[PDB]
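Let me give you the structure first, and then I'll get to my questions.
Here the chain labels run A, B, C, D, E and F in written order, and each chain numbers its own residues starting at 1.
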Amino acid sequence: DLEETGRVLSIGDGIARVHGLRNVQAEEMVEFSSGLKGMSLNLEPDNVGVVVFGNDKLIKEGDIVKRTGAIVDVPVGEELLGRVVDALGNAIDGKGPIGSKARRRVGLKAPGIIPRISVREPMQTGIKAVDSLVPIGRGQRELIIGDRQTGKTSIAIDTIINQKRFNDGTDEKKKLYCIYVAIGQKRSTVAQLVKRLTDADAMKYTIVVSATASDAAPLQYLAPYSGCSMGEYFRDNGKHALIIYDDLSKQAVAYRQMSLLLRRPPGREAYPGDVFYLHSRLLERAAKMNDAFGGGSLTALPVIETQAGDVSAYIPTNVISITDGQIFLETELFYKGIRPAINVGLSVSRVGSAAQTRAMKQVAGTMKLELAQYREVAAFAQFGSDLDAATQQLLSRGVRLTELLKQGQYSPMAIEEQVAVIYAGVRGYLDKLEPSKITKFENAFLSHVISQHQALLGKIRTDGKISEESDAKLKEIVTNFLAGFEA
Amino acid sequence: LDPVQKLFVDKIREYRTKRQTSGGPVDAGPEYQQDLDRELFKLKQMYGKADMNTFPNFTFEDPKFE
Amino acid sequence: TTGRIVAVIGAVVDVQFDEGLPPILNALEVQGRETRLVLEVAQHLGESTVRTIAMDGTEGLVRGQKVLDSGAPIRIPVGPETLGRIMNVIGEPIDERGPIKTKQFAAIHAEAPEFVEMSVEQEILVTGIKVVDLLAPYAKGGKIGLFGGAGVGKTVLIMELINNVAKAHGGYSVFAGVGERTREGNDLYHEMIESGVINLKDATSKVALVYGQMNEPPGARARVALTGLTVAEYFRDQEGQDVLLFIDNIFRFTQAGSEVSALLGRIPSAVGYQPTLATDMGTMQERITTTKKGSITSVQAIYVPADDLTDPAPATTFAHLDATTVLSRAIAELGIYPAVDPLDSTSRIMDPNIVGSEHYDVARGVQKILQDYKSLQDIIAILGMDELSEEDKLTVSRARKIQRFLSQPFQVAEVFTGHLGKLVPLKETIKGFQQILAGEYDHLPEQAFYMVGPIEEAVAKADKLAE
Amino acid sequence: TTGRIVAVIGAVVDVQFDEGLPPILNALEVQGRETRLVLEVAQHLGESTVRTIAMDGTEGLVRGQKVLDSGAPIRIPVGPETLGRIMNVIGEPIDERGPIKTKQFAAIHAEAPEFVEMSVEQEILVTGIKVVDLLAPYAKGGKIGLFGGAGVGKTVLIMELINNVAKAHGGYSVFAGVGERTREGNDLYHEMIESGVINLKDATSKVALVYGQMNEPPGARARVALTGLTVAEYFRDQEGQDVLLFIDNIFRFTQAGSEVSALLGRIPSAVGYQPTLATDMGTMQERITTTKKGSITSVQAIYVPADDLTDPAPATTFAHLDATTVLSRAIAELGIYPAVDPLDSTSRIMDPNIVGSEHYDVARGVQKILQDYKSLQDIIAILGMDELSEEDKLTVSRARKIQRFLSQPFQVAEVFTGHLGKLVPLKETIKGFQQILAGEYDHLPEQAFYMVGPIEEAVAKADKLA
Amino acid sequence: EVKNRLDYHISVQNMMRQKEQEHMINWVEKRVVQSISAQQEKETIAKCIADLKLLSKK
Amino acid sequence: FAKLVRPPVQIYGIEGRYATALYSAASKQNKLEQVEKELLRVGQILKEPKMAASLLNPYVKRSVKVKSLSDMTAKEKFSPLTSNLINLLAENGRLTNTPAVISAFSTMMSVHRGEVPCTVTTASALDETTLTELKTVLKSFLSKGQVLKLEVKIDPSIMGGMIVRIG
């Protein structure tokens, strides 16, 4: 055949004015002379502006443009879990052909109202600060914001790793498919990263969609959408999928770029405007769905890595307006050594309670406050030096909690454990301790509660809540054990 | 291994034409041999080095006591 | 008439019509189009090509695909059944509850009432929220802007208002959720249902829901605006009705406009905009009000990006407004809820006359003190519980209480807060703050006024705060 | 195939070859251009016209003139005979020891090796600098990118680094002078002559120079990067080597790209950039790394435009960086050398475990201390001192020592320093600051930590005073 | 410490079979494909499939 | 207004917006082919070099664009109510753009009621029909000898590169 074939009307720069194919379906994935796909994104009447998917040095002009005649699909499956692919589903891991050889349109629309359901599942990350201060739900789309490797990713890692146990738990409500859409994260970055997940083999329920820095832009752009169909799939199949889009920031960069090369605009900040829309449509596809959809979820953890905390920054403003909070991670703290380095004032979950255990809620509620207040006397009068004696204690309390909300570099947890140390501080047994040693207290304390109070924990774990047993034991434990920790 | 019979006649017999000889499997190919020798030593360098056709038996130790 | 899609360059769909070219705005029905892909003629581009806007998304449109012009703008199911129902832009449901079979269809253009249809001087709609009424003594059937981001429970706030008032309310409501998260609409859905403010036994629950979410392409979002609009005009004019028109969020409509301006051949203006931003709102905004045919109380949640307002768009908005809510994040951040930007949440209709002086003046004192207080505040943000004088301390402290008195908890987001909210009828309030102005008792801590009902409750809370 | 000069707008050479259009990237040799005028095809514009780039002079280019396609993309000699040679971009000398002749030529545009032979992890290289090693423990074969202002002692530093390292090196080194000054290359030349590790009894020197100077047209500057890569990938992978690849300065490459963008008819992105800027990054950067096939320790001088880093170009760069080396002009201004902004300079392997977390931790206290101390600076800036808090007063002083302690004069550039510079191995470093953490000096003259290597000597430097 | 051994030997032979497979593929294809073209009947097969286009394109 | 007509060819825009005018203007009255074979003779009595620059001189100065074919080929009866549109083209400076109007017009004007293809590994399969792949089987009835492996070749490529492409 060569009749719904076309000749490359002009090419250079991977911007193919495409002669022919004049019956072309909009957004048809097209098929190359170079084999390759392209997208007939632009139907101009006299050409098809074809975004060339991948390298074009190969390419030359008048070259035959073939329909693929397909609007893009991506292979879909759970056989993406334990696979590093590029978005077309190409093993770059060298793990060979994916079990995911079902395919699914990468665009599949976002849920209905009734189809959706609100969240009320928690979820967690193994990070005290997180689960406490940003208790996690399921079916999300909420902003992760922070700058790069610091183990920026650590944050995510401990979460993914944290889901391991949950994947060692059951339900899609413990078990979780993690989807790491890596947008523009170099081969190295990934190389390393993947290397980690694998090591944690939290990878097992986990897709790593790997779009490294090298990759062509639409591809990278696409990578999430690719993921998107797959995660909705999981969602609709009851599966609760977690996508970490790290990051759309880069995605935009590509997307505009692509646009520009198509001469398709550079809106505010050089990005054309429906990149919001881009994502909106993308992200609405992340939801916690009702049971007709298996109840599943696609929890979206979009990531934006900020340049200098630039957030009124278009895409960030945009994103903010979709997201239901942002989790700001704070650098100064980092330098202080405080990793996680948060500013939780600038981390918000409007959501709050749908996202958590009672256990935590009970100890944390107050804690948030105790720090808040602590901060406040650092702040009204922008001095860490005090304004009232009461608070000279309270500040101690705050300070203690400060030691506690940290999270070890390369370390997740689970909720009862988390609560364990938290209760200890919240209900205070360690302001009768120096703040640096609090964490130290935990090492022992934790290894103790793990040892002993796995029983007790058995209860807390059971209740999702601190119970009378647990508590009663706790009050006692903490005091006694603490007493043992010290003396 | 795969299909089309006239083309594959050209190739599938050529799968095994290579295998249908085994001292230089209709070509081991001197280049294949050379780069093989390169990568096989270089691989060895990239590996751990304690000979791969020998058993690493045990060792013994004695820890700090005061 | 007939066209072929000759070029699809995004959702600006250029359809070249044989001859057969109808007016701008005209709804075209794309044929062979999997769904009703209504194209609104945007331009007669010249040579019987129109630039049209898809309100749907393109996905596989064959080059040439056939369009048979629907020949007039979008006429859509309207009528009362849209009440208690979620309609999409195209007047069809998205409640997914059968059809919203009307009688009346409407082109979702409509226009600005005449001068004579204007009612010249408006009358307060009260909210029973101290801060709200006080600073913004809202007007029945006016244009209310809520500038506001999200975060604070932006939506929560509006909702909460809706909850207190739109429930209480005598008339109808129209809700157009523009560029709004389907999910929240989902929760909300279930809620409205829950509340019976969507009764599912009433398609006149009290409210027609119009949703034109963010996952919609602009064409849908833009036009959902008209949709909601057309509908409320039905209830006011046709149904007499005191309609409440809830918009979340008009910005996103507008934004949808700005986002489009480029493809639309309109220059990204200042800030990128549609340079037609002003009419886009304006003529439109003019379509919603209190005439002598009733009231459309037009409640606009307004994203103002990063809540900047010096950005023209809000600047314009004010012109249309009659009540402005700029909610101040600072206040929110102070945990103060009402988290309003109080001295930027007004309703112009404030007077010792109109709002009574009691109020008014109290406000003038208040606005003033806050202005002043702030000044001293300027010392404290870095300079605390004494860089300064102590009469001044009183006022300062008074402010700290007052502040807490500004805080009225939420009667819905008690779920997160634990705080039941209160709704505080006006007299108890005015008098309340007026007592604070009288500086009642103060050995007290200053949270005594925090998140209570009227001032008594602060007292109630006070005794209680003394354990 | 032949082309007609159809339009010359500078070294953006619009060529119509009507003799078919060989690849985008097909390298062209211009006819009537005796002096080898390479154009690389950039676009198949249509009309059998390509937009090509001359990298070079556009003398006597009659519009029509015949251009003969080189029939492949740009290929260059690669071979050991390049070391100790200053090769230009074009595979030719600028060693001017006759042609840099090699066995094999390579097309210089190439693939970014696949993930799996890429070693996924790496190990901190030691630079012999406290400040570096401690604070931003860069990795062998990593891409370390030296952000640094204009001539900010960076150039000095890199040379010093060469000095510290290249010598010691087991594999070999490459210097790719991207937009380098002819002068610096000169300087370097002599330094190298001098060093004699550009030994000329070696065209197999310890270091190969590839230079693509400023005076070249951008296309050349643009391309020197690929060229160099191609050689080095050859030494690393092919010659097994641990290559140290000194690139000074990729920015100038970047710039060369950007510079063309306009008159690539393109929208040159923000500030003029490239929309493809990123892909540009991938496309070189992803090619350079550490495989199992050796290491390319990739030293990128990165001019930080206007020391603007928020500047998307650098903004991107960090991502690519195994080691991000941020030189603090601010510090530099304090005359300080090591002049770093180390609270900006990182190594991902700066993360406890990896590097010996003590080592790190000792750093964490410092990093903190300084940072808090940094925090104070607005307050202090007005307020100075006397209503603050004591502990801070201590830190201030301590920080002040620490600050000084990072400072180390230049060993090479005694010509620059006057001083003899210093070199510090780990222990004195770890300890050094740690000692300051112990505040053992808090009655010892604070500035005395300035321009020192070992803390011992610094202690000494306090002492002679008292 | 033992195993790395064994594993190398395998991994070598696996890599060696692929570097046979590539050298095979290139050489085998580069040998036995040049001569083929003496079939005018590969274009009778072009013909054949083309009658199964010209026919079997309905 | 006008009325859109297009007998195959057919460009739309940039001379193709133009060709589609005289396409309805010549096809109305059906002086179309009378003006084709007109415009064909004129395609080369124009294009020449007794003039390289005396029937397509645009400028050395304007005078040519005042009239030089409003007056030198309105010096010809050739084009006698379609020589008004050449006079437009002469004034309106597009006088070097005619080759694609006439190519559009004649690959228009033959193939003006005709169909050209070219499948895989044929290349002169480039004709003027009203039905297809009954006709291109008639080109395999030139002789099926000579076709679908040369001119443009199943040798490297279709067939030959596809077994390389699996890898």
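What we mean here is this: a contact is a pair of C-beta atoms (placed from the backbone, for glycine too) under 8 Å apart; a residue touches a chain by one contact, two chains touch by 3 or more.
The chain lineup, named per UniProt: A = ATP synthase F(1) complex subunit alpha, mitochondrial; C, D = ATP synthase F(1) complex catalytic subunit beta, mitochondrial; F = ATP synthase peripheral stalk subunit OSCP, mitochondrial.
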item	value
Touching chain C and also chain F, the following chains	A
Graph separation of chain A and chain E (steps between touching chains)	2
Central chain (distance from its CA mean to the mean of all protein CA atoms)	A
Selected interface, A-F versus B-D, where C-beta contact pairs are more numerous	A-F
Centre-of-Cα separation between chain B and chain A, whole angstrom	41
Between chain E and chain B, distance of the C-alpha-averaged centres to the nearest whole Å	21
Chain C and chain D, separation of their C-alpha mean positions in angstrom	53
Centre-to-centre distance between chain C and chain A (centres being mean Cα positions), rounded to whole Å	31
Residues within chain B bordering two or more other chains	11
Where chain A touches two or more other chains, by residue	1, 45
Contacts with 2+ other chains: residues of chain E	29, 33, 42, 53
Pairwise chain contacts, counting only pairs that touch as defined	A-C, A-D, A-F, B-D, B-E, B-F, C-F, E-F
Sites on chain F touched by chain C in the complex	1, 3-4, 12, 17
Complex interface listing, chain E residues touching chain B	1-2, 4-6, 8-9, 11-12, 15-16, 19-20, 23-24, 27-29, 32-33, 36, 42, 45
Of chain C, residues touching chain F in the complex	6, 18-19, 47-48
Residue ranges of chain D in contact with chain A within the complex	21-25, 42-46, 48, 50-51, 73, 109, 112, 114-116, 118-121, 264, 266-267, 269-270, 275-276, 278-279, 281-283, 285-286, 289, 310, 312, 315, 318-320, 322, 343, 346, 348, 351-353, 364-365, 367-368, 370-372, 375, 389
Chain C contact footprint on chain A (complex, rising order)	21-28, 42-45, 48-49, 71, 107, 109-118, 139, 141, 264-265, 267-268, 272-274, 276-277, 280-281, 283-285, 287, 311-312, 314, 317, 320-322, 324-325, 345, 348, 350, 352-353, 372, 379-383, 387-388
